[PDB]
Amino acid sequence: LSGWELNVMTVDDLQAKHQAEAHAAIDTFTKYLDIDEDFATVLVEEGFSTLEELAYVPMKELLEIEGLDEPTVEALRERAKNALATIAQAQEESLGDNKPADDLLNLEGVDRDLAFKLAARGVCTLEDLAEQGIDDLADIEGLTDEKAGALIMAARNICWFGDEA
Amino acid sequence: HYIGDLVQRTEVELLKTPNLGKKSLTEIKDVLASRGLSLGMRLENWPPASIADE
C-alpha cells in the first residue's frame, strides 16, 4: 500500500536490534578508522546512520557536538584503502574459497558468478559439479532447480561424451 | 509411483535427467542386479496379460 518495504518487531526487540547494530557498527568503525572505543560510543550515540558513507552528508553538524574531528577525513581515505583490501578479500572470495577449475569455468551455459556459486559448495571441477544433485545445488538461491538440472546434465554429458570432440 | 513405470522407461532416458543422483545410479544398479526392474522393457501402458483387471 505504501509501496515500500516494511519490518515488524517488538519494542524490546527494537532496542535489542538497535544495540546489536550499535555494537556491529562500533566494531566496524573501530576496525576501519583506528580510533578509541569510549569516544566511539559517545560519537555513535548522536550519530544518525552511525558510520557508513556519511561523509557525503553534512559533517558540520557533528562539529556542534563536543570534540574536534579534523584528521578523521584522512581516516576516510584509509577506509578506502581498507575497501581495496576488502576488494582483495573479494578476490579471495573468488579464489581462496574453492575457485573453479578450467573445466567448470569453460562450461557452456554458466557464467563466472554461477561457477563461483556452484564451486562454493566444495566442488572444483566439472566432474565434481556433475556429482552434485539438483537438491544439493538448490541450497544456493542464485541457481534454480531447472538451471541446476541443466548444468548437472551438461556436466554429465561432458564427462560421459568426453571421448568425442 | 510403481516400478512398472520405471521399467517402462529406459535407463538412458533416466540418465538424461539430473533428478537422479550419483548414489541413486548405484542404488538403481543394485536394484537392477536382481533383474526384476529396469531391464529395458516396454509395456502397453500399465498392464500385462497376467495383470488383468479381475
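Quick notes
- Shown for chain A are the DSSP H helices of 30 Å or more along their axis, judged by Cα atoms, with a mean Kyte-Doolittle hydropathy of at least -1.0: A:11-33, A:72-95.
- Using distinct alpha-carbon pairs, which all enter the 1/r mean, Kirkwood radius of chain B in Å: 12.2
- On the basis of the beta-carbon distance and an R0 of 35 Å, residue A:135 and residue B:35 show a calculated FRET efficiency of 0.75.
- Model label sites at residue A:99 and residue B:24, defined 7 Å from Cα along the beta-carbon direction, differ in position by 3.4 nm.
- Inter-site label distance for residue A:41 and residue A:15 at 7 Å from Cα along Cβ, in nm: 1.7
- Area projected by the alpha carbon convex hull of region A:61-159, averaged over all directions, nm²: 9.2
- Region A:9-79-chain B distance, computed between alpha-carbon centres (Å): 65
- Size descriptors for region A:112-161, from the alpha-carbon set: Rg then Dmax equal 9.7, 30 Å.
- 20 Å Cα cut-off, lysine pairs counted over the protein assembly as shown (separation 8 or more, or different chains): 6
- Whole-percent P(r), the protein assembly as shown, all Cα pairs, 10 Å bins from 0: 6, 20, 17, 17, 15, 11, 8, 4, 2, 0.
- Computed on region A:15-165, with alpha-carbon pairs under 8 angstrom and 6+ residues apart, the relative contact order is 15 percent.
- Relative packing of peptides B:35-48, A:13-26, A:130-143 - highest average C-beta neighbours within 10 Å first: A:130-143, A:13-26, B:35-48
- Anisotropy class of region A:14-92 from Cα gyration tensor, a/c 1.5 cut: oblate
- Value at 222 nm in deg cm²/dmol, rounded to 500, when DSSP H runs of n ≥ 4 in chain A each add -39,500 (n - 2.57): -18000 deg cm²/dmol
Rule-based calculations on the coordinates, nothing more; no lab input. Neighbour counts are summed over all protein chains in view; Cβ atoms, including those assigned to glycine, are modelled from backbone coordinates with ideal geometry.
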